[PDB]
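Novice: Dropping the structure in here first, questions after.
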Amino acid sequence: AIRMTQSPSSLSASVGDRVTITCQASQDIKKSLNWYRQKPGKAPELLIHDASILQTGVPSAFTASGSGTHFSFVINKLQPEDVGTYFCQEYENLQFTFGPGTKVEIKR
Amino acid sequence: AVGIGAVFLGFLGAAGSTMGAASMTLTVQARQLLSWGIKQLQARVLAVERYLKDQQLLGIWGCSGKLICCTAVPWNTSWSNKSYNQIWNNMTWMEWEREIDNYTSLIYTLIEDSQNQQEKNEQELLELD
Amino acid sequence: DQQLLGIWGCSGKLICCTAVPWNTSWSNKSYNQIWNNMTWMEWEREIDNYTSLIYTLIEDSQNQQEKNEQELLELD
Amino acid sequence: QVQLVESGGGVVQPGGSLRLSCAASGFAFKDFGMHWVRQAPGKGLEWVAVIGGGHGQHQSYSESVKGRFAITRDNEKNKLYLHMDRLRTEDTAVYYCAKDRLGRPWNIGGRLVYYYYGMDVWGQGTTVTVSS
Amino acid sequence: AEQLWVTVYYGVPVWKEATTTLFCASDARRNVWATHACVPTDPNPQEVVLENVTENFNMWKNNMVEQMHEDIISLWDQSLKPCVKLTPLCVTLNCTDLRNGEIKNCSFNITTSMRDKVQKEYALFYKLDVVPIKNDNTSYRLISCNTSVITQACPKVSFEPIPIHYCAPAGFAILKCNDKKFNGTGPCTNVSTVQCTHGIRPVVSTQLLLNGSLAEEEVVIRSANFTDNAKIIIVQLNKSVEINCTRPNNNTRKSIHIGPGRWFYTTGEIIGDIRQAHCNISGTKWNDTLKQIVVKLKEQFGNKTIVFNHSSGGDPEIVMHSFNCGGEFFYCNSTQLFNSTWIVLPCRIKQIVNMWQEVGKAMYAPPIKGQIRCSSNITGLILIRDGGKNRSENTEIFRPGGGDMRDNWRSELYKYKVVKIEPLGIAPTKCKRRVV
Ligand SMILES: *[C@@H]1O[C@H](CO)[C@@H](O[C@@H]2O[C@H](CO)[C@@H](O[C@@H]3O[C@H](CO[C@H]4O[C@H](CO)[C@@H](O)[C@H](O)[C@@H]4O)[C@@H](O)[C@H](O[C@H]4O[C@H](CO)[C@@H](O)[C@H](O)[C@@H]4O[C@H]4O[C@H](CO)[C@@H](O)[C@H](O)[C@@H]4O)[C@@H]3O)[C@H](O)[C@H]2NC(C)=O)[C@H](O)[C@H]1NC(C)=O
Ligand SMILES: *[C@@H]1O[C@H](CO)[C@@H](O[C@@H]2O[C@H](CO)[C@@H](O[C@@H]3O[C@H](CO[C@H]4O[C@H](CO)[C@@H](O)[C@H](O)[C@@H]4O)[C@@H](O)[C@H](O[C@H]4O[C@H](CO)[C@@H](O)[C@H](O)[C@@H]4O)[C@@H]3O)[C@H](O)[C@H]2NC(C)=O)[C@H](O)[C@H]1NC(C)=O
Ligand SMILES: *[C@@H]1O[C@H](CO)[C@@H](O[C@@H]2O[C@H](CO)[C@@H](O[C@@H]3O[C@H](CO[C@H]4O[C@H](CO)[C@@H](O)[C@H](O)[C@@H]4O)[C@@H](O)[C@H](O[C@H]4O[C@H](CO)[C@@H](O)[C@H](O)[C@@H]4O)[C@@H]3O)[C@H](O)[C@H]2NC(C)=O)[C@H](O)[C@H]1NC(C)=O
Ligand SMILES: *[C@@H]1O[C@H](CO)[C@@H](O[C@@H]2O[C@H](CO)[C@@H](O)[C@H](O)[C@H]2NC(C)=O)[C@H](O)[C@H]1NC(C)=O
Ligand SMILES: *[C@@H]1O[C@H](CO)[C@@H](O)[C@H](O)[C@H]1NC(C)=O
Ligand SMILES: *[C@@H]1O[C@H](CO)[C@@H](O)[C@H](O)[C@H]1NC(C)=O
Ligand SMILES: *[C@@H]1O[C@H](CO)[C@@H](O)[C@H](O)[C@H]1NC(C)=O
Ligand SMILES: *[C@@H]1O[C@H](CO)[C@@H](O)[C@H](O)[C@H]1NC(C)=O
Ligand SMILES: *[C@@H]1O[C@H](CO)[C@@H](O)[C@H](O)[C@H]1NC(C)=O
Ligand SMILES: *[C@@H]1O[C@H](CO)[C@@H](O)[C@H](O)[C@H]1NC(C)=O
């Protein structure tokens, strides 16, 4: 699996703002990308699979797009409830590598 | 990401998958099946008879050399009213053979008594004229 | 022997052409350099260690193809 | 409902061993492929290993664990196991069991292959500490 | 639907249960089971899982145990065919007690030069091999005198069990049940196909199963029906129990002339004190084994039920535990293992024996020179129910027992099933054959 990178490592905004996470592959992975969100004390929650499709039961508060090497996760409005670390995972090959993770929090 | 086996079906495993998918390894399964002294001697002769029995029918039916051959006997939907896809993409070999177990001798008879008979009669007539 | 000749599509023939290409790694001799210059005893020895390889290729590749494509052509 | 009960953890010395056992119900454990992942304190989530569904005729290990860990499963107990042998202090992490979106042994091309599309179901893991 | 036409397929992976003969195979090298004709084993056998398919196993229907039963007996009789008849040795014996009584020191006078070189040739005889003549001294003679002509086993035949494998013939296959919890029968899920089985040694014993396989990480107890007193209970042990057996007596032997060109071996003198045969069994391993067994028995037979009393039931060869260490048949009192309800065994040796049951002709063991030592372990055992009782969970006296020697192979064969594979079949297709 191709190493994934995420940026910025520390992402913050006021409540209600539109917040995005950059994620890239060093090599073309075509589409094999999942987005997870971790909250303190809880295993990472799958929000989006196949780089764009929301997981069943997940509200339409998030989107994602991109293909090839350039991807992005979009938080339509950042609420206190959405604070957590978002992970960019590739599953093209049987290493299912996770990216570094980006911490998203509320400005204070 | 996909994990893969080596090359092909080991032995019989496909028997519980759809007949469509299972058809892929008929070449494998056929080859494997096709191929103290006195007891073994008896077994050898029996193996030959079983081997040749199948070859006899495949010869007569015009199927020799094939593991898949089309006949000219129509399917009587009384035997099963399932469509092509309702069988091949939805039922295993073990299940299918049971479904039509009681029609085996019927259809085998029809292949020989009707089609083989026709093909041999008409063949001579065509060669003559 | 009859089993293999049947499977290979060679039954009834003592000479049958296959659809397996000759890998010149086995021998780089030309057609005439073999057939007009070498005996059966000599030839069989030259490629003795490729017998199982080529036999496998005939069945695993060509026979497999011919049976798969045959059904597909009969269906459509 | 679906619930993973993940236990077998605790504290071991480097050079020792344990085995984790993730009991699960609410789904066809016997059919779906499973994952192991781990998260060390202060770090992100590291993938550990995958086992296919059915009898588990295919595996893959992270280079960080290959040769030191083994994956197996019991389809009657509905338990997923991680054999944590010859451990080092670097192996301290919370380990999780997870289910792949599919993981099934498809009959394609004349052979069985396992299609994975990533974890989507899991429990909360258990802490395994390796220290002295 | 589509117009459908019949299509013939060959190589169809379907099968039906069938019984046939499996070929023997052996790690090729006059030992009874070391037949000169047997297929060398596969150094790299294959096993494949079915997974889409399950199968109904029933260990009580595996007819392979019958093949082994008959073939093994045949091999026994064949190897020991050109052996020495005891017919002229039925002469009565003038016996006294051997000073140190299970062994008598007796004389006789036969054949008295019937064109040969013979004499009285006094010798030692065992109590268990002779019948008293209560109208004489008491004097003794061969117990076989009023039954049949028996032979002394050929000295050149070894009786060491051989791990013979068995493999499927063409057109047939062996399926294996890999469910760790599999008992007498059921729809085993983890089913695989095996080209050829592992080797099973033809160990013959009563009450305990020696040198077999172990259970899958716990004691597993099997039966056709735990409620039916007419059935037996088969116990497969988690870990085996260590037993060390010995024949401390250092014995000599003598060849005697019994006719022109004919010899017979008799027990000669004994060097050192004459002591009892016995086996030493680890009480730790035995008791801990029982603990696990009792826990499993509770699942069916009650939580406070008293189990495992002394040996009882059957003739002396059923009541005693039996084995053939060193070629001599030992019959030991297993009561010392079951002498306390919910370790040194006293033991005697017999030479005129019956391979599971023998009619007419039978085998007499030759004397073995020197001392006998061996080591084995209990890997399984057979329990029998004592009979009708108060329904209340008070007692269930699981005595050792079992005289049907076929169970010594069935206890391993339970893993396998043999089927016949039918490659010919048909299914509908889309088009007609392009017939001219
Ligand atoms: C459904 O039923 C099937 C059928 O029983 C069952 O699968 C079987 O599971 C067992 C247990 O996992 C498998 O046994 C293993 O087999 C391999 C095969 O070795 C042979 O083949 C290789 C090929 O290269 C040769 O090199 C080799 O010399 C042999 O010829 C063994 O290598 C395994 O041994 C290791 O694992 C054992 C685990 O207890 C150890 O005790 C043993 O000492 C070996 O340990 C070594 O390797 C470990 C690897 O993790 C390592 O951790 C150790 O430290 C040490 O280095 C083992 O015996 C068997 O093959 C399976 N059968 C099939 C057909 O796949 C399924 O489990 C069951 N399914 C369910 C759901 O219940
Ligand atoms: C024991 O036997 C069963 C038989 O049912 C096996 O399970 C099925 O195996 C077949 C292949 O052997 C699988 O077939 C594939 O299905 C895909 C459809 O996926 C859609 O539908 C399922 C419905 O559950 C959804 O879950 C899924 O998300 C999708 O919505 C097809 O797309 C596949 O097509 C492939 O082949 C064609 C060939 O031309 C290619 O062109 C295609 O591009 C593609 O590669 C294929 O038909 C089937 O999915 C399996 N079922 C399940 C539920 O997974 C068992 O796996 C088997 N067990 C063992 C031990 O092998
Ligand atoms: C359960 O399984 C165990 C293990 O297989 C069995 O115990 C063994 O049984 C064999 C039977 O032959 C014993 O082997 C004999 O050992 C004698 C002395 O042993 C020492 O010397 C040999 C020399 O090779 C070493 O290998 C061994 O390790 C010791 O150092 C040998 O002298 C014997 O050979 C003589 O007798 C035979 C009789 O047939 C002649 O044919 C030979 O030519 C030679 O004259 C023989 O090799 C072995 O010692 C036993 N193990 C132990 C620890 O004692 C159990 O019997 C078995 N139980 C059941 C129920 O079957
Ligand atoms: C252990 O034995 C029990 C008792 O025989 C098995 O349960 C029975 O299995 C048969 C198989 O055809 C069924 O017809 C019965 O209905 C079952 N009885 C009950 C009450 O379940 C059981 O399956 C065996 N276990 C295993 C793993 O084989
Ligand atoms: C045919 O497909 C349906 C889909 O739900 C399934 O329920 C049914 O069991 C299938 N038939 C067979 C033979 O499995
Ligand atoms: C091929 O022909 C040449 C002609 O001189 C001869 O020397 C050589 O031996 C031939 N090869 C064989 C196989 O005989
Ligand atoms: C046995 O020997 C003694 C020796 O005195 C003799 O008295 C006795 O009669 C003998 N018995 C038989 C069976 O002849
Ligand atoms: C079976 O034996 C193993 C040996 O280590 C032991 O750990 C296990 O507890 C035993 N099973 C039972 C039911 O006690
Ligand atoms: C039982 O005895 C055999 C004799 O070779 C030995 O190999 C085996 O390890 C023993 N079993 C146990 C559980 O110790
Ligand atoms: C039995 O005793 C004799 C006495 O000389 C001795 O030579 C022989 O070695 C002994 N045999 C055994 C097995 O102890």
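Numbering starts fresh at 1 for the residues of each chain in the structure tokens, the chains themselves are lettered A, B, ... in the order given, and ligands are numbered from 1 as they appear.
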What lies within 9 Å of residue A:33 using only C-alpha atoms, ignoring chain neighbours under 6 positions off, as a list in words?
Specialist: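 Residues near the query, excluding close chain neighbours: residues 48, 49, 50, 51, 52, 71, 88, 89, 90, 91 and 92 of chain A; 117 and 118 of chain D.
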Novice: I need the residues from that last selection saved to file as a PDB file, in the first residue's frame (with N, CA and C atoms), if you can.
Specialist:
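Heads up, here's the output in selection_32.pdb:
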ATOM      1  N   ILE A  48     -16.827   7.881   5.488  1.00  0.00           N
ATOM      2  CA  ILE A  48     -16.884   7.824   4.035  1.00  0.00           C
ATOM      3  C   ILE A  48     -16.009   6.687   3.542  1.00  0.00           C
ATOM      4  N   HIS A  49     -16.535   5.923   2.588  1.00  0.00           N
ATOM      5  CA  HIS A  49     -15.814   4.855   1.928  1.00  0.00           C
ATOM      6  C   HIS A  49     -15.785   5.096   0.425  1.00  0.00           C
ATOM      7  N   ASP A  50     -14.839   4.410  -0.236  1.00  0.00           N
ATOM      8  CA  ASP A  50     -14.579   4.512  -1.680  1.00  0.00           C
ATOM      9  C   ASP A  50     -14.405   5.962  -2.117  1.00  0.00           C
ATOM     10  N   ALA A  51     -13.757   6.737  -1.243  1.00  0.00           N
ATOM     11  CA  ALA A  51     -13.382   8.140  -1.391  1.00  0.00           C
ATOM     12  C   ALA A  51     -14.545   9.128  -1.492  1.00  0.00           C
ATOM     13  N   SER A  52     -15.801   8.673  -1.498  1.00  0.00           N
ATOM     14  CA  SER A  52     -16.879   9.636  -1.674  1.00  0.00           C
ATOM     15  C   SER A  52     -18.230   9.243  -1.095  1.00  0.00           C
ATOM     16  N   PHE A  71      -6.783  13.891  -2.665  1.00  0.00           N
ATOM     17  CA  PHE A  71      -8.074  13.649  -2.038  1.00  0.00           C
ATOM     18  C   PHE A  71      -8.321  14.715  -0.989  1.00  0.00           C
ATOM     19  N   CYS A  88      -6.998   9.108   6.915  1.00  0.00           N
ATOM     20  CA  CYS A  88      -7.019   8.787   5.495  1.00  0.00           C
ATOM     21  C   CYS A  88      -6.356   7.419   5.323  1.00  0.00           C
ATOM     22  N   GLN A  89      -7.151   6.377   5.074  1.00  0.00           N
ATOM     23  CA  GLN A  89      -6.631   5.020   4.915  1.00  0.00           C
ATOM     24  C   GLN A  89      -6.699   4.543   3.469  1.00  0.00           C
ATOM     25  N   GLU A  90      -5.610   3.963   2.975  1.00  0.00           N
ATOM     26  CA  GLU A  90      -5.615   3.315   1.670  1.00  0.00           C
ATOM     27  C   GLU A  90      -5.764   1.813   1.818  1.00  0.00           C
ATOM     28  N   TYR A  91      -6.635   1.213   1.014  1.00  0.00           N
ATOM     29  CA  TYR A  91      -6.775  -0.234   0.967  1.00  0.00           C
ATOM     30  C   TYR A  91      -6.616  -0.812  -0.437  1.00  0.00           C
ATOM     31  N   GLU A  92      -5.746  -0.234  -1.263  1.00  0.00           N
ATOM     32  CA  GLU A  92      -5.492  -0.841  -2.568  1.00  0.00           C
ATOM     33  C   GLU A  92      -4.743  -2.162  -2.449  1.00  0.00           C
TER      34      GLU A  92
ATOM     35  N   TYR D 117     -12.317  -4.435   1.376  1.00  0.00           N
ATOM     36  CA  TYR D 117     -12.501  -3.024   1.070  1.00  0.00           C
ATOM     37  C   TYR D 117     -12.351  -2.197   2.337  1.00  0.00           C
ATOM     38  N   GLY D 118     -11.766  -2.765   3.384  1.00  0.00           N
ATOM     39  CA  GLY D 118     -11.456  -2.041   4.594  1.00  0.00           C
ATOM     40  C   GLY D 118     -12.415  -2.366   5.726  1.00  0.00           C
TER      41      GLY D 118
END
Novice: Using DSSP on the backbone, list every residue of chain B that comes out as strand (DSSP E), and give them as a PyMOL selection string.
Specialist: chain B and resi 2-4+68-74
Novice: Kindly save the residues from that selection, with N, CA, C and O atoms included, as a tab-separated table (two decimals), in the first residue's frame.
Specialist:
chain	number	residue	atom	x	y	z
B	2	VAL	N	-6.89	-7.42	-2.71
B	2	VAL	CA	-7.41	-8.76	-2.91
B	2	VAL	C	-6.33	-9.79	-2.60
B	2	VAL	O	-5.18	-9.68	-3.04
B	3	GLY	N	-6.70	-10.78	-1.78
B	3	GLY	CA	-5.85	-11.93	-1.55
B	3	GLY	C	-6.23	-13.05	-2.51
B	3	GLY	O	-7.40	-13.26	-2.79
B	4	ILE	N	-5.22	-13.75	-3.01
B	4	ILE	CA	-5.44	-14.76	-4.03
B	4	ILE	C	-4.83	-16.09	-3.62
B	4	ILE	O	-3.81	-16.15	-2.92
B	68	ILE	N	-17.77	-29.81	-22.29
B	68	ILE	CA	-18.97	-29.01	-22.44
B	68	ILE	C	-19.43	-29.27	-23.87
B	68	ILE	O	-18.73	-28.89	-24.82
B	69	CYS	N	-20.58	-29.91	-24.04
B	69	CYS	CA	-21.10	-30.02	-25.39
B	69	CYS	C	-22.61	-29.79	-25.43
B	69	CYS	O	-23.37	-30.29	-24.60
B	70	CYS	N	-23.02	-29.03	-26.43
B	70	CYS	CA	-24.42	-28.74	-26.63
B	70	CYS	C	-25.08	-29.90	-27.36
B	70	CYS	O	-24.52	-30.41	-28.33
B	71	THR	N	-26.25	-30.31	-26.90
B	71	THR	CA	-27.02	-31.33	-27.59
B	71	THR	C	-28.11	-30.65	-28.40
B	71	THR	O	-28.19	-29.42	-28.48
B	72	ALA	N	-28.96	-31.46	-29.02
B	72	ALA	CA	-30.09	-30.95	-29.78
B	72	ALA	C	-31.41	-31.43	-29.19
B	72	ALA	O	-32.42	-31.54	-29.89
B	73	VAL	N	-31.41	-31.73	-27.90
B	73	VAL	CA	-32.60	-32.17	-27.19
B	73	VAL	C	-33.18	-30.95	-26.47
B	73	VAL	O	-32.46	-30.31	-25.69
B	74	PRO	N	-34.42	-30.57	-26.74
B	74	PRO	CA	-35.01	-29.42	-26.05
B	74	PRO	C	-35.26	-29.71	-24.59
B	74	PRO	O	-35.54	-30.85	-24.19
Novice: Select all residues from chain B having any atom no more than 7 Å from an atom of chain D (counting only C-alpha atoms, ignoring ligands), output as a list in words.
Specialist: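 The complete set of qualifying residues is residues 1, 2, 3, 4, 5, 7, 8, 9, 21, 24 and 25 of chain B.
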Novice: With N, CA and C atoms retained, write the just-selected residues as a short mmCIF file (atom, residue, chain, number, x, y, z; two decimals), in the first residue's frame.
Specialist:
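Generated file (result02.cif):
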data_model
loop_
_atom_site.label_atom_id
_atom_site.label_comp_id
_atom_site.auth_asym_id
_atom_site.auth_seq_id
_atom_site.Cartn_x
_atom_site.Cartn_y
_atom_site.Cartn_z
N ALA B 1 -8.00 -4.12 -2.19
CA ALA B 1 -6.98 -5.13 -1.96
C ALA B 1 -7.58 -6.52 -2.03
N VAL B 2 -6.89 -7.42 -2.71
CA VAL B 2 -7.41 -8.76 -2.91
C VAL B 2 -6.33 -9.79 -2.60
N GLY B 3 -6.70 -10.78 -1.78
CA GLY B 3 -5.85 -11.93 -1.55
C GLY B 3 -6.23 -13.05 -2.51
N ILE B 4 -5.22 -13.75 -3.01
CA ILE B 4 -5.44 -14.76 -4.03
C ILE B 4 -4.83 -16.09 -3.62
N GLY B 5 -5.46 -17.17 -4.09
CA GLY B 5 -4.88 -18.49 -4.01
C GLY B 5 -3.83 -18.65 -5.09
N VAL B 7 -3.34 -21.09 -8.03
CA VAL B 7 -3.62 -21.24 -9.44
C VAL B 7 -5.08 -21.55 -9.73
N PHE B 8 -5.61 -22.61 -9.13
CA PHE B 8 -6.96 -23.05 -9.43
C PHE B 8 -7.49 -23.94 -8.32
N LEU B 9 -8.77 -24.27 -8.45
CA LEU B 9 -9.48 -25.10 -7.50
C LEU B 9 -8.68 -26.34 -7.17
N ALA B 21 -19.81 -20.43 -11.91
CA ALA B 21 -18.43 -20.32 -11.45
C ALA B 21 -17.73 -21.66 -11.46
N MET B 24 -15.65 -23.23 -14.47
CA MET B 24 -14.31 -22.78 -14.80
C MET B 24 -13.27 -23.89 -14.67
N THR B 25 -13.47 -24.83 -13.75
CA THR B 25 -12.44 -25.82 -13.45
C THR B 25 -12.86 -27.23 -13.82
#
Novice: Would you pick out the contacts of stretch 206-215 of chain E at 10 Å or less, using only C-alpha atoms, so that residues sharing its chain but fewer than 3 positions from it are not included, and give the list as a ChimeraX atom specification?
Specialist: /E:180-181,200-203,218-221,234-241,243,311,317-323,331,334,356,375-384,399-405,407-409,411-412
Novice: Could you list the residues in chain C lying within 9 Å of chain E, using only C-alpha atoms, and format the result as a short mmCIF file (atom, residue, chain, number, x, y, z; two decimals) with N, CA and C atoms, in the first residue's frame?
Specialist:
data_model
loop_
_atom_site.label_atom_id
_atom_site.label_comp_id
_atom_site.auth_asym_id
_atom_site.auth_seq_id
_atom_site.Cartn_x
_atom_site.Cartn_y
_atom_site.Cartn_z
N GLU C 74 -21.07 -21.15 -28.41
CA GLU C 74 -22.35 -21.85 -28.55
C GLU C 74 -23.50 -21.06 -27.93
N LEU C 75 -23.26 -20.45 -26.76
CA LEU C 75 -24.29 -19.61 -26.15
C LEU C 75 -24.61 -18.41 -27.03
N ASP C 76 -23.59 -17.73 -27.52
CA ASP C 76 -23.77 -16.59 -28.39
C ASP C 76 -22.81 -16.63 -29.56
#
Novice: Output as a short mmCIF file (atom, residue, chain, number, x, y, z; two decimals) with N, CA and C atoms, in the first residue's frame the set of chain D residues within 9 Å of chain A, with distances taken over only C-alpha atoms.
Specialist:
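Final output, saved to result-v1.cif:
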data_model
loop_
_atom_site.label_atom_id
_atom_site.label_comp_id
_atom_site.auth_asym_id
_atom_site.auth_seq_id
_atom_site.Cartn_x
_atom_site.Cartn_y
_atom_site.Cartn_z
N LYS D 43 0.03 7.73 19.28
CA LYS D 43 0.21 7.44 17.87
C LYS D 43 -1.14 7.28 17.18
N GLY D 44 -1.09 7.15 15.86
CA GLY D 44 -2.26 6.84 15.07
C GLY D 44 -2.52 5.35 15.05
N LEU D 45 -3.42 4.95 14.16
CA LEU D 45 -3.84 3.56 14.10
C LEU D 45 -2.99 2.82 13.09
N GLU D 46 -2.37 1.73 13.54
CA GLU D 46 -1.53 0.90 12.69
C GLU D 46 -2.26 -0.38 12.34
N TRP D 47 -2.27 -0.72 11.06
CA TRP D 47 -2.83 -1.98 10.64
C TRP D 47 -1.89 -3.12 10.99
N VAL D 48 -2.44 -4.19 11.52
CA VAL D 48 -1.66 -5.33 11.95
C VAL D 48 -1.78 -6.50 10.99
N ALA D 49 -3.00 -6.95 10.72
CA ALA D 49 -3.14 -8.15 9.92
C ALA D 49 -4.58 -8.32 9.44
N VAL D 50 -4.75 -9.20 8.45
CA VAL D 50 -6.06 -9.56 7.93
C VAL D 50 -6.15 -11.07 7.74
N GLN D 59 -3.89 -14.86 4.31
CA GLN D 59 -3.54 -13.86 5.30
C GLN D 59 -2.54 -12.86 4.74
N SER D 60 -2.43 -11.72 5.42
CA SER D 60 -1.38 -10.75 5.19
C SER D 60 -0.99 -10.10 6.51
N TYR D 61 0.30 -9.85 6.69
CA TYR D 61 0.77 -9.26 7.93
C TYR D 61 1.49 -7.96 7.61
N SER D 62 1.37 -6.99 8.51
CA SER D 62 2.24 -5.83 8.46
C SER D 62 3.68 -6.27 8.67
N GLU D 63 4.60 -5.63 7.94
CA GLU D 63 6.02 -5.93 8.13
C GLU D 63 6.47 -5.70 9.57
N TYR D 96 -7.34 -3.94 18.43
CA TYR D 96 -8.75 -3.99 18.11
C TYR D 96 -8.99 -5.14 17.14
N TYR D 116 -11.24 -7.42 -0.20
CA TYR D 116 -11.28 -6.60 0.99
C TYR D 116 -11.56 -5.17 0.57
N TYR D 117 -12.32 -4.44 1.38
CA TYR D 117 -12.50 -3.02 1.07
C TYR D 117 -12.35 -2.20 2.34
N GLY D 118 -11.77 -2.76 3.38
CA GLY D 118 -11.46 -2.04 4.59
C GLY D 118 -12.42 -2.37 5.73
N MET D 119 -11.96 -2.08 6.94
CA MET D 119 -12.74 -2.34 8.13
C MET D 119 -13.94 -1.40 8.19
N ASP D 120 -15.07 -1.93 8.67
CA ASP D 120 -16.21 -1.07 8.94
C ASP D 120 -16.94 -1.39 10.24
N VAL D 121 -16.61 -2.49 10.92
CA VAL D 121 -17.24 -2.88 12.18
C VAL D 121 -16.13 -3.26 13.15
N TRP D 122 -16.27 -2.89 14.42
CA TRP D 122 -15.25 -3.17 15.42
C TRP D 122 -15.80 -2.98 16.82
N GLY D 123 -15.04 -3.45 17.80
CA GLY D 123 -15.25 -3.10 19.20
C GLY D 123 -14.29 -2.01 19.63
N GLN D 124 -14.07 -1.93 20.94
CA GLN D 124 -13.19 -0.90 21.48
C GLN D 124 -11.80 -1.39 21.86
N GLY D 125 -11.48 -2.65 21.61
CA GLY D 125 -10.13 -3.12 21.84
C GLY D 125 -9.84 -3.34 23.30
#
Novice: For stretch 14-24 of chain E, please output as a compact mmCIF listing (two decimals) with C-alpha atoms, in the first residue's frame all residues within 6 Å (counting only C-alpha atoms; exclusion window: fewer than 5 positions along the same chain).
Specialist:
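See part28.txt below for the written result:
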# COMPACT_ATOMS: atom_id res chain seq x y z
CA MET B 94 -24.78 -30.53 -5.78
CA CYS E 38 2.21 -51.99 0.04
CA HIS E 165 -1.72 -45.54 5.87
CA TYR E 166 -4.71 -45.99 3.56
CA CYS E 167 -5.38 -44.08 0.35
CA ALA E 168 -8.34 -43.61 -1.95
CA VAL E 419 -17.47 -41.08 -1.25
CA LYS E 420 -17.85 -41.90 -4.94
CA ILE E 421 -17.48 -39.01 -7.34
CA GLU E 422 -19.81 -38.77 -10.36
Novice: Output as JSON lines one row per residue of chain D within 12 Å of ligand 4: the closest atom pair and its distance in Å to one decimal place, counting only C-alpha atoms and all ligand atoms, sorted by chain and residue number ascending.
Specialist:
{"residue": "D:75", "atom": "CA", "partner": "ligand 4", "partner_atom_place_in_ligand_line": "27 (C)", "distance": 11.9}
{"residue": "D:76", "atom": "CA", "partner": "ligand 4", "partner_atom_place_in_ligand_line": "27 (C)", "distance": 8.9}
{"residue": "D:77", "atom": "CA", "partner": "ligand 4", "partner_atom_place_in_ligand_line": "27 (C)", "distance": 11.4}
Novice: Identify all chain C residues at most 10 Å from chain B by counting only C-alpha atoms; ligands do not count. Present them as a ChimeraX atom specification.
Specialist: /C:3-11,59-60,63-64,66-68,70-71,74-75
Novice: Just write the chosen residues, C-alpha atoms, as a short mmCIF file (atom, residue, chain, number, x, y, z; two decimals), in the first residue's frame.
Specialist:
data_model
loop_
_atom_site.label_atom_id
_atom_site.label_comp_id
_atom_site.auth_asym_id
_atom_site.auth_seq_id
_atom_site.Cartn_x
_atom_site.Cartn_y
_atom_site.Cartn_z
CA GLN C 3 -6.76 -39.59 -22.33
CA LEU C 4 -4.09 -37.03 -23.15
CA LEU C 5 -4.77 -37.20 -26.89
CA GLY C 6 -8.46 -36.69 -26.18
CA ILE C 7 -7.88 -33.69 -23.88
CA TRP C 8 -5.38 -32.09 -26.25
CA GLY C 9 -7.82 -32.30 -29.15
CA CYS C 10 -5.55 -34.77 -30.90
CA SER C 11 -7.63 -37.97 -30.76
CA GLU C 59 -3.84 -28.31 -21.05
CA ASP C 60 -3.70 -25.36 -18.67
CA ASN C 63 -7.47 -26.71 -23.59
CA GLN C 64 -8.77 -24.35 -20.94
CA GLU C 66 -10.90 -23.95 -26.11
CA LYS C 67 -13.44 -25.23 -23.60
CA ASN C 68 -14.27 -21.79 -22.18
CA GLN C 70 -16.47 -23.03 -27.06
CA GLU C 71 -19.32 -22.67 -24.56
CA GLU C 74 -22.35 -21.85 -28.55
CA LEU C 75 -24.29 -19.61 -26.15
#
Novice: Select from chain C everything DSSP, run on the backbone, classes as helix (DSSP H, G or I), then give the selection as a PyMOL selection string.
Specialist: chain C and resi 2-7+31-35+40-46+48-75
